[PDB]
Amino acid sequence: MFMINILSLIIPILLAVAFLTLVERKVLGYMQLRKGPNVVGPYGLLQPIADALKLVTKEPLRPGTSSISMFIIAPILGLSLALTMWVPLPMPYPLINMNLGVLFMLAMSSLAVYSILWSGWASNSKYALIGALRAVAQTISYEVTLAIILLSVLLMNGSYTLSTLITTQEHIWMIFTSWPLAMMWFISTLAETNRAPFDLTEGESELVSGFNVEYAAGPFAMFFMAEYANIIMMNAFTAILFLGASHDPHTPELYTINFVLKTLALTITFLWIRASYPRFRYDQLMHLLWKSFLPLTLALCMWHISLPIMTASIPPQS
Amino acid sequence: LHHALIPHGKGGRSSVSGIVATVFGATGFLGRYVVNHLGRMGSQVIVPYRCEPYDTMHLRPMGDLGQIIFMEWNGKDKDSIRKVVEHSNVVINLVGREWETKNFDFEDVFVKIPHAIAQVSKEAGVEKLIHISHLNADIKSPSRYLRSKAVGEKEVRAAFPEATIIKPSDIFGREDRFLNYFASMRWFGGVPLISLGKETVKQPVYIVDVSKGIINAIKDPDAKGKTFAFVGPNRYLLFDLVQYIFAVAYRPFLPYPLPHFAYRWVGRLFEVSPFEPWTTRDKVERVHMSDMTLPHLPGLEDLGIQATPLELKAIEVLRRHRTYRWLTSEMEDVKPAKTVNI
Amino acid sequence: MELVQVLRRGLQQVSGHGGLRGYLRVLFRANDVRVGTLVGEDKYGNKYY
Amino acid sequence: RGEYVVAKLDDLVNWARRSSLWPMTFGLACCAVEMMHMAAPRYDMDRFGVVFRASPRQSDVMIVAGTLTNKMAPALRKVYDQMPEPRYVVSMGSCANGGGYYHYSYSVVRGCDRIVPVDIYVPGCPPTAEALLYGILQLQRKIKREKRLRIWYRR
Amino acid sequence: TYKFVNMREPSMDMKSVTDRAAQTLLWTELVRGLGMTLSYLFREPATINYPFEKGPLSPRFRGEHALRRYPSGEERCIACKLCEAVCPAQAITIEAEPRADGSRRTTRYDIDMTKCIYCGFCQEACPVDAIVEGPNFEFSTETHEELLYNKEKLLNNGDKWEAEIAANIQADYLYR
Amino acid sequence: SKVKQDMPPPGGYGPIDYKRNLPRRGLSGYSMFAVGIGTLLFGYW
Ligand SMILES: CCCCCCCCCCCCCCCCCC(=O)OC[C@H](COP(=O)([O-])OCC[N+](C)(C)C)OC(=O)CCCCCCCCCCCCCCCCC
Ligand SMILES: NC(=O)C1=CN([C@@H]2O[C@H](COP(=O)(O)OP(=O)(O)OC[C@H]3O[C@@H](n4cnc5c(N)ncnc54)[C@H](OP(=O)(O)O)[C@@H]3O)[C@@H](O)[C@H]2O)C=CC1
Ligand code: SF4
Ligand code: SF4
Ligand code: SF4
């Protein structure tokens, strides 16, 4: 009944998250002219298992300066958030048809920043604390543009129902109508998901590991997997928003093939984009955001509200 | 001395002291410190290891090139001993398991192997042997810790005529499972000790004082046969440990005089976990039992090694238990425990 | 037309390397299936290409 | 049988750890650059586990590359204790092995053994980049011949 | 002769500003960066498949000292000790003694692997090409002691390789 | 036997390029803007 669908959703999501470590080290290498993880497992099919098993068998360190109460809620607050965020995704017929799904996705996206904020406080180290402090301030600054991009896009779509996305985007991809906002949206995804040029914390040398500065194997599994988990989905959210497929009621297989391929290709570009650009300095993040990204997004929201009024093109919410 | 056994050097790492101290079961606490002392002036300390080489890896840094010669051995195998002490001019026993194992009956860990290594060493052609007994070693005591210690103590005494048997008191150190133990009732519960502590007086001793005792016993020729007892500087009634330890760690003091009846149940339940018996039924009455004076046998004080007070060095083991808010607190902020002693 | 030609070359790799068992062995032992000419075998059983 | 069960678990844990080490770079001298060629595509190491996760907390094996100095002595050491177990250290090159070309010098401790328990020694000045890949591989097989769960069963 | 580097001047005309404005808004040099990496993705890798594939070397490679022997069988080292004097790390420890036959032979030849630097000076020292650096690098160890080589290990290394290093000095003594 | 050390051929070697030869690829500045606006108008319609 219902529960068997719950595991049938989150469990394949979780197992895909573990494997994404492989391609991060492999397709980068095949672009870096390296080989990527190949020796362990046929074609490196078993490296994520080897990666995940020691993290669940290595010693879980709790620094004496770390509050154990805060040390344990945060990794749960992060991973669980990523999984429950998947429930309104419109996989043919979504598991959760929340008519306010767009707000629902955005609301707990803001809830994500408590995961880093508490971890930075829990770790309680001078370098660690500032690293999280000037990490949360980045994520919150990128949500204002995130909301405005969303608000403009579904204004032409209709209501906030995530299932309506496939109805408005019937004949033409929505990107053809909001491509100036699509790249506006795509870079915003690159920043909330904590990936280069906004890797920042998880940067292997930017903040050595940022949210994982003192946070090693054991509980660290639920803090380096969650960021990669949001990567597949927030790209998939872009796939639904701007690259919507077709859904035949008598054959939902077509939209499963099309959406999965589209979101997998986007994640390739997401892994493509780390291996081609440097890291923004902290001031450059705000300079790019508040003074170039923020004004442009406002102007585009100016345009996308009048255009349905301009051409009598208001969408039906029902 | 033998042609190459003759000592040489200023007591450095690459100085030969001529003492070949094959220590038995050095992969824990006192073994770690004695080899550290043994390797300081330079000595071929052949350590028969039985666990994974990884856990024995940390003994390597305290020895010069070609000094810490780890050797595979097994307790049951008769030839296992004979190979590791064949050329050792001195043998320092350290075998023994403070907790219990199904394959290792508590008789063995203080009777079988200690007798199983004392006779081979005397057959090999050694000069000395040091088997570590307990300061309270007494078979008639209800302590299987004491019951197995005493019978094994006289067996090696009977087997080895020159068996310099050492009977230290409750030693304390970084991994003594005595201080870090007594800090652990806060984690476990409300200090389920017996009679609020006003029934037991013990005399803890700092491990380096103990370890310096054996090596000083090595150079001392008259130590053969004589049964030295390693005793701390001052005794301590059991309650004073509990409040002082909870003070030098800044832990919430929650004492509770739980009688021996229910405290014996929690011993077996701690052994229930089939990975390590945190507390055993032997450890139930182990702490309730007090330390006898034992004044006739000579101590380390006349051997040249003085005794360091417990309150002099507590956070060196207990700063780990100190929370972040109070990790910086030293002895001075904490009152000294009542020295119930001689 | 090159796609099937390269795919045909891939099939020759499977057939040349001991068919099924040979290809599976070298993939799970050497992590490669490149078929190559034989130079010989000195004394042990270690084959070189 | 029980020994079979503990053998299968031992293989599963050992195969995971040996195949996916996460080394942390502690290069100090020319021994760092040649290992740093193992990162170069010629002798790629990320082909088998050893990856860029770095983050000395998230590290299994530490490679001490280059000469070790007395003023470097404590800061390197405190890194080793903070490194969670299973921790193994790789001695890179003649200088880190036993002091090498500066053995008779005042600002270098002869070898890393005086500081950390060295599990593997790779000779060279500097060792060839692929020779370390062999050293990592032989360390990998060293983990393969480990009996942690077996030795626990005997106890 | 010399040359500036950052002396390009931006043109202010309508055409030039349009390309720069287009570049800023429509990220093109960023896409150019993307194209560079993507073209490299479809570029074949150069990852040598160790141990099955091994990196190239030259007949002059230096490593893993090994005393040689004359075609008759007697070892080459006559204890001329030029290698000891030359050795810039003093890793060599040689003690001589008159052998029962009468000719010299080193009774003690220890070269400390973790004091040596593989500079290749020692082969250039002894005029009897006694000690040479072989082609081995596959002698990584797990205990510091086995690195401390002696005369017996050195001879065993020499007898082990010999044939490989026999051709190496045959194809290189012309250069020397 | 005369000198046989490693020598370049009498013609030396092939002239090796060393200039900065970044190939200017792209589209006209107005063309990029025009095609961007054109897709928007088509999408709006
Ligand atoms: C009738 C028409 C109506 C609509 C007309 C709208 C106007 C015409 C179109 C304008 C351009 C489109 C909107 C603006 C886009 C640029 C916003 C901006 O701030 O740019 C300058 C900004 C900032 O440039 P800057 O910092 O050098 O200069 C800005 C100006 N100053 C200096 C004064 C602040 O550029 C960027 O943000 C660069 C990208 C950063 C992120 C790195 C990754 C980029 C990956 C690119 C490849 C992948 C793209 C994927 C696209 C999505 C796919 C689904
Ligand atoms: N306060 C105290 O704790 C006092 C203790 N003692 C006695 O001193 C001895 C050593 O104490 P300590 O160093 O702190 O103890 P640890 O538990 O730290 O170490 C005990 C050692 O004994 C070895 N060992 C025990 N039984 C066997 C066996 N059957 N086969 C192989 N090795 C064995 C262990 O080897 P492995 O680790 O591989 O099992 C280990 O090296 C013990 O007998 C102890 O009871 C004496 C006086 C006071
Ligand atoms: S061993 Fe050689 S290469 Fe390595 S640090 Fe020392 S001198 Fe440099
Ligand atoms: S290679 Fe150089 S340092 Fe090494 S033994 Fe020969 S002369 Fe000495
Ligand atoms: S230089 Fe050569 S011949 Fe002379 S002692 Fe050394 S190895 Fe022997």
# chains A, B, ... in the order shown; residues from 1 in each chain; ligands from 1
>>> residues_near_ligand(ligand="ligand 5", cutoff="10 Å", atoms="only C-alpha atoms and all ligand atoms", output="compact mmCIF listing (two decimals) with C-alpha atoms, in the first residue's frame")
# COMPACT_ATOMS: atom_id res chain seq x y z
CA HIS E 65 72.58 -1.27 -5.06
CA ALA E 66 73.95 -4.71 -5.92
CA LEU E 67 77.55 -5.93 -6.01
CA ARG E 68 78.45 -7.81 -9.18
CA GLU E 75 82.99 -10.70 -6.62
CA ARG E 76 84.14 -7.40 -8.11
CA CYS E 77 84.63 -5.33 -4.96
CA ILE E 78 88.33 -5.23 -4.11
CA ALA E 79 87.63 -2.83 -1.20
CA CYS E 80 89.08 0.20 -2.98
CA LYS E 81 86.68 2.28 -0.87
CA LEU E 82 86.32 5.15 -3.33
CA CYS E 83 82.57 4.66 -2.98
CA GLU E 84 82.92 5.16 0.78
CA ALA E 85 84.91 8.37 0.34
CA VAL E 86 82.61 9.69 -2.39
CA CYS E 87 79.28 8.77 -0.76
CA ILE E 92 78.36 3.13 2.94
CA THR E 93 80.22 1.28 5.70
CA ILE E 94 83.16 -0.81 4.47
CA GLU E 95 85.75 -2.63 6.58
CA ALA E 96 88.58 -4.38 4.75
CA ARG E 104 91.33 -8.05 -0.62
CA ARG E 105 87.65 -8.66 0.03
CA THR E 106 85.29 -6.56 2.11
CA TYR E 109 79.76 -3.78 3.19
CA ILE E 111 74.91 0.62 2.59
CA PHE E 121 78.08 8.33 -7.48
CA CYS E 122 79.16 4.92 -6.18
CA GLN E 123 79.30 3.19 -9.57
CA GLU E 124 81.46 6.04 -10.88
CA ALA E 125 83.78 5.55 -7.90
CA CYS E 126 85.09 1.99 -8.02
CA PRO E 127 87.17 1.41 -11.18
CA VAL E 128 86.18 -2.27 -11.19
CA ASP E 129 82.47 -1.35 -11.67
CA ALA E 130 81.91 -3.28 -8.45
CA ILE E 131 78.81 -1.58 -7.05
CA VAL E 132 76.08 -0.43 -9.42
>>> interface_residues(of="chain E", to="chain F", cutoff="12 Å", atoms="only C-alpha atoms", output="MDAnalysis selection string")
chainID E and resid 5 14:29 31:32 35:36 174:175
>>> write_last_selection(atoms="C-alpha atoms", output="PDB file, in the first residue's frame")
ATOM      1  CA  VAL E   5      51.920  41.337 -21.557  1.00  0.00           C
ATOM      2  CA  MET E  14      29.624  50.094 -30.683  1.00  0.00           C
ATOM      3  CA  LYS E  15      30.833  46.741 -32.015  1.00  0.00           C
ATOM      4  CA  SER E  16      33.478  46.104 -29.345  1.00  0.00           C
ATOM      5  CA  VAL E  17      31.266  47.057 -26.393  1.00  0.00           C
ATOM      6  CA  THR E  18      28.554  44.750 -27.739  1.00  0.00           C
ATOM      7  CA  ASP E  19      30.836  41.702 -27.639  1.00  0.00           C
ATOM      8  CA  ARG E  20      32.025  42.559 -24.126  1.00  0.00           C
ATOM      9  CA  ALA E  21      28.460  43.183 -22.944  1.00  0.00           C
ATOM     10  CA  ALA E  22      27.366  39.960 -24.640  1.00  0.00           C
ATOM     11  CA  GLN E  23      30.282  38.150 -22.993  1.00  0.00           C
ATOM     12  CA  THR E  24      29.321  39.487 -19.559  1.00  0.00           C
ATOM     13  CA  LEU E  25      25.598  38.754 -19.879  1.00  0.00           C
ATOM     14  CA  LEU E  26      25.751  35.652 -22.095  1.00  0.00           C
ATOM     15  CA  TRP E  27      28.714  33.887 -20.515  1.00  0.00           C
ATOM     16  CA  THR E  28      30.838  32.836 -23.493  1.00  0.00           C
ATOM     17  CA  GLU E  29      34.384  32.578 -22.143  1.00  0.00           C
ATOM     18  CA  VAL E  31      31.319  28.252 -22.073  1.00  0.00           C
ATOM     19  CA  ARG E  32      34.698  28.286 -23.821  1.00  0.00           C
ATOM     20  CA  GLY E  35      34.174  23.275 -24.164  1.00  0.00           C
ATOM     21  CA  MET E  36      37.851  22.806 -23.330  1.00  0.00           C
ATOM     22  CA  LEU E 174      80.211   3.951 -24.033  1.00  0.00           C
ATOM     23  CA  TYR E 175      78.556   7.100 -22.670  1.00  0.00           C
TER      24      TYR E 175
END
>>> interface_residues(of="chain B", to="chain A", cutoff="12 Å", atoms="only C-alpha atoms", output="PyMOL selection string")
chain B and resi 319-328
>>> write_last_selection(atoms="N, CA and C atoms", output="mmCIF file, in the first residue's frame")
data_model
loop_
_atom_site.group_PDB
_atom_site.id
_atom_site.type_symbol
_atom_site.label_atom_id
_atom_site.label_comp_id
_atom_site.auth_asym_id
_atom_site.auth_seq_id
_atom_site.Cartn_x
_atom_site.Cartn_y
_atom_site.Cartn_z
ATOM 1 N N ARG B 319 41.656 14.913 32.307
ATOM 2 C CA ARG B 319 41.276 16.046 31.469
ATOM 3 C C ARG B 319 40.413 15.604 30.298
ATOM 4 N N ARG B 320 40.556 14.349 29.869
ATOM 5 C CA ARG B 320 39.706 13.827 28.804
ATOM 6 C C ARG B 320 38.245 13.820 29.230
ATOM 7 N N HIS B 321 37.975 13.439 30.479
ATOM 8 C CA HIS B 321 36.605 13.435 30.976
ATOM 9 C C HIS B 321 36.092 14.834 31.283
ATOM 10 N N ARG B 322 36.983 15.801 31.490
ATOM 11 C CA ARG B 322 36.547 17.170 31.730
ATOM 12 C C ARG B 322 35.844 17.717 30.497
ATOM 13 N N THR B 323 34.664 18.293 30.702
ATOM 14 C CA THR B 323 33.895 18.845 29.600
ATOM 15 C C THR B 323 34.599 20.084 29.042
ATOM 16 N N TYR B 324 34.091 20.576 27.909
ATOM 17 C CA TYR B 324 34.711 21.723 27.254
ATOM 18 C C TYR B 324 34.729 22.941 28.167
ATOM 19 N N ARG B 325 33.662 23.140 28.943
ATOM 20 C CA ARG B 325 33.591 24.303 29.820
ATOM 21 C C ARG B 325 34.651 24.256 30.913
ATOM 22 N N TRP B 326 35.126 23.060 31.272
ATOM 23 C CA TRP B 326 36.047 22.910 32.393
ATOM 24 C C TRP B 326 37.245 22.029 32.058
ATOM 25 N N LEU B 327 37.590 21.891 30.775
ATOM 26 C CA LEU B 327 38.769 21.107 30.418
ATOM 27 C C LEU B 327 40.049 21.771 30.911
ATOM 28 N N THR B 328 40.007 23.080 31.153
ATOM 29 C CA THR B 328 41.201 23.832 31.514
ATOM 30 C C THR B 328 41.484 23.811 33.012
#
>>> select_by_dssp(residues="chain F", states="alpha helix (DSSP H)", output="ChimeraX atom specification")
/F:29-44
>>> residues_around(residues="residue D:10", least_positions_apart="6", cutoff="8 Å", atoms="only C-alpha atoms", output="MDAnalysis selection string")
chainID D and resid 147:150
>>> interface_residues(of="chain E", to="chain D", cutoff="8 Å", atoms="only C-alpha atoms", output="list in words")
residues 45, 46, 47, 48, 49, 50, 51, 54, 55, 63, 88, 89, 113, 114, 115, 116, 117, 118, 137, 138, 139, 140, 141, 142, 143, 144 and 147 of chain E
>>> select_by_dssp(residues="chain D", states="strand (DSSP E)", output="MDAnalysis selection string")
chainID D and resid 24:27 61:65 88:92 118:122
>>> write_last_selection(atoms="N, CA and C atoms", output="CSV table (one decimal), in the first residue's frame")
chain,number,residue,atom,x,y,z
D,24,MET,N,46.1,11.4,3.5
D,24,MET,CA,46.2,12.8,3.7
D,24,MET,C,47.7,13.2,3.5
D,25,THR,N,47.9,14.2,2.6
D,25,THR,CA,49.3,14.6,2.2
D,25,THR,C,50.0,15.3,3.3
D,26,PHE,N,51.2,14.9,3.7
D,26,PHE,CA,52.0,15.6,4.6
D,26,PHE,C,53.4,15.8,3.9
D,27,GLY,N,53.4,16.2,2.7
D,27,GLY,CA,54.7,16.5,2.0
D,27,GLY,C,55.4,17.7,2.5
D,61,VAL,N,45.2,6.5,5.9
D,61,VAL,CA,46.7,6.4,5.9
D,61,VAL,C,47.3,7.8,5.7
D,62,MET,N,48.4,8.0,6.4
D,62,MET,CA,49.1,9.3,6.3
D,62,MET,C,50.4,9.0,5.6
D,63,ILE,N,50.7,9.8,4.6
D,63,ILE,CA,52.0,9.7,3.8
D,63,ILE,C,52.9,10.9,4.3
D,64,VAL,N,53.9,10.6,5.0
D,64,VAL,CA,54.9,11.6,5.4
D,64,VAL,C,56.0,11.7,4.4
D,65,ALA,N,55.9,12.8,3.6
D,65,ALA,CA,56.8,12.9,2.4
D,65,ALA,C,57.8,14.1,2.7
D,88,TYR,N,47.5,4.4,9.6
D,88,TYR,CA,48.8,3.9,9.2
D,88,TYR,C,49.6,5.0,8.6
D,89,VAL,N,50.9,5.0,8.7
D,89,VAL,CA,51.8,6.1,8.2
D,89,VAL,C,52.7,5.5,7.2
D,90,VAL,N,52.9,6.1,6.1
D,90,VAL,CA,53.8,5.7,5.0
D,90,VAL,C,55.1,6.5,5.0
D,91,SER,N,56.2,5.9,5.1
D,91,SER,CA,57.5,6.7,5.2
D,91,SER,C,58.0,6.9,3.8
D,92,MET,N,58.0,8.1,3.3
D,92,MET,CA,58.4,8.5,2.0
D,92,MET,C,59.8,8.9,1.9
D,118,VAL,N,55.7,3.6,12.2
D,118,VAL,CA,55.7,3.5,10.7
D,118,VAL,C,55.4,2.1,10.3
D,119,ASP,N,54.3,1.9,9.5
D,119,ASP,CA,53.8,0.6,9.0
D,119,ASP,C,54.5,0.2,7.7
D,120,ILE,N,55.0,1.1,6.9
D,120,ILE,CA,55.5,0.8,5.6
D,120,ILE,C,56.6,1.8,5.3
D,121,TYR,N,57.7,1.3,4.6
D,121,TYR,CA,58.8,2.1,4.2
D,121,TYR,C,59.0,2.0,2.7
D,122,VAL,N,59.1,3.2,2.1
D,122,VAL,CA,59.3,3.3,0.6
D,122,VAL,C,60.7,3.9,0.4
>>> residues_near_ligand(ligand="ligand 1", cutoff="7 Å", atoms="only C-alpha atoms and all ligand atoms", output="tab-separated table (two decimals) with N, CA and C atoms, in the first residue's frame")
chain	number	residue	atom	x	y	z
A	180	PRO	N	16.62	33.57	-19.97
A	180	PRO	CA	17.39	34.50	-19.13
A	180	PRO	C	17.26	34.20	-17.65
A	181	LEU	N	16.15	33.60	-17.24
A	181	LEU	CA	15.99	33.18	-15.85
A	181	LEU	C	16.47	31.76	-15.60
A	182	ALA	N	16.61	30.96	-16.66
A	182	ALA	CA	17.06	29.58	-16.49
A	182	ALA	C	18.49	29.54	-15.96
A	183	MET	N	19.41	30.24	-16.64
A	183	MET	CA	20.77	30.36	-16.12
A	183	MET	C	20.79	31.14	-14.82
A	184	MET	N	19.88	32.10	-14.67
A	184	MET	CA	19.68	32.74	-13.38
A	184	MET	C	19.31	31.69	-12.33
A	186	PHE	N	19.87	28.29	-12.68
A	186	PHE	CA	20.85	27.21	-12.61
A	186	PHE	C	22.01	27.56	-11.69
A	187	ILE	N	22.52	28.79	-11.79
A	187	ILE	CA	23.63	29.20	-10.93
A	187	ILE	C	23.18	29.24	-9.48
A	197	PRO	N	31.35	26.86	-8.58
A	197	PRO	CA	32.18	27.84	-7.87
A	197	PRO	C	31.60	28.31	-6.53
A	273	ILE	N	30.66	21.14	-14.25
A	273	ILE	CA	30.92	22.52	-13.89
A	273	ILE	C	31.90	22.66	-12.73
A	287	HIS	N	28.99	40.02	-4.30
A	287	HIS	CA	29.06	40.96	-5.42
A	287	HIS	C	28.31	40.41	-6.62
A	288	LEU	N	28.50	39.12	-6.91
A	288	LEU	CA	27.74	38.48	-7.98
A	288	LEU	C	26.26	38.45	-7.65
A	291	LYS	N	24.44	42.51	-6.34
A	291	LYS	CA	24.63	43.65	-7.23
A	291	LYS	C	24.50	43.32	-8.71
A	292	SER	N	24.55	42.04	-9.09
A	292	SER	CA	24.31	41.65	-10.47
A	292	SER	C	23.17	40.65	-10.60
A	293	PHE	N	23.17	39.60	-9.79
A	293	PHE	CA	22.13	38.58	-9.89
A	293	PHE	C	20.81	39.10	-9.33
A	296	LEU	N	19.00	41.82	-11.67
A	296	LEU	CA	18.52	41.21	-12.90
A	296	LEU	C	17.29	40.35	-12.64
E	24	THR	N	29.68	39.38	-20.97
E	24	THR	CA	29.32	39.49	-19.56
E	24	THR	C	27.95	38.89	-19.29
E	25	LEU	N	26.95	39.26	-20.09
E	25	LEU	CA	25.60	38.75	-19.88
E	25	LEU	C	25.50	37.29	-20.30
E	26	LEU	N	25.74	37.02	-21.58
E	26	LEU	CA	25.75	35.65	-22.10
E	26	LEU	C	27.16	35.11	-21.92
E	27	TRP	N	27.37	34.35	-20.84
E	27	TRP	CA	28.71	33.89	-20.52
E	27	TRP	C	29.26	33.01	-21.63
E	30	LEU	N	33.18	31.56	-20.27
E	30	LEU	CA	32.88	30.44	-19.38
E	30	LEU	C	32.50	29.20	-20.18
E	31	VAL	N	31.67	29.37	-21.21
E	31	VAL	CA	31.32	28.25	-22.07
E	31	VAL	C	32.55	27.77	-22.83
F	33	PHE	N	22.62	38.30	-29.14
F	33	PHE	CA	21.48	38.98	-28.53
F	33	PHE	C	20.22	38.78	-29.35
F	36	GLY	N	18.85	35.32	-28.91
F	36	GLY	CA	18.28	35.19	-27.58
F	36	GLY	C	16.89	35.80	-27.49
F	37	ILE	N	16.71	36.98	-28.09
F	37	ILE	CA	15.40	37.63	-28.08
F	37	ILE	C	14.42	36.85	-28.95
F	40	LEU	N	12.90	33.95	-27.12
F	40	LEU	CA	11.94	34.44	-26.13
F	40	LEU	C	10.61	34.78	-26.78
F	41	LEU	N	10.65	35.51	-27.90
F	41	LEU	CA	9.41	35.88	-28.57
F	41	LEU	C	8.67	34.64	-29.06
>>> residues_near_ligand(ligand="ligand 2", cutoff="6 Å", atoms="only C-alpha atoms and all ligand atoms", output="ChimeraX atom specification")
/B:25-31,50-51,75,94-98,109,132-134,168-171,176
>>> interface_residues(of="chain F", to="chain A", cutoff="7 Å", atoms="only C-alpha atoms", output="list in words")
residues 39, 40, 43 and 44 of chain F
>>> atom_distance(atom1="atom CA of residue B:293", atom2="atom CA of residue B:227")
14.9 Å
>>> residues_around(residues="residue B:145", least_positions_apart="6", cutoff="8 Å", atoms="only C-alpha atoms", output="list in words")
residues 98, 106, 282 and 286 of chain B
>>> residues_around(residues="residue E:145", least_positions_apart="3", cutoff="7 Å", atoms="only C-alpha atoms", output="list in words")
residues 65 and 66 of chain B; 148 of chain E
>>> write_last_selection(atoms="C-alpha atoms", output="short mmCIF file (atom, residue, chain, number, x, y, z; two decimals), in the first residue's frame")
data_model
loop_
_atom_site.label_atom_id
_atom_site.label_comp_id
_atom_site.auth_asym_id
_atom_site.auth_seq_id
_atom_site.Cartn_x
_atom_site.Cartn_y
_atom_site.Cartn_z
CA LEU B 65 66.51 0.15 15.14
CA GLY B 66 66.19 -3.59 15.63
CA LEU E 148 69.65 -1.44 6.32
#
>>> interface_residues(of="chain C", to="chain A", cutoff="10 Å", atoms="only C-alpha atoms", output="number ranges by chain")
C: 24, 27-32
>>> atom_distance(atom1="atom CA of residue F:20", atom2="atom CA of residue E:3")
13.5 Å
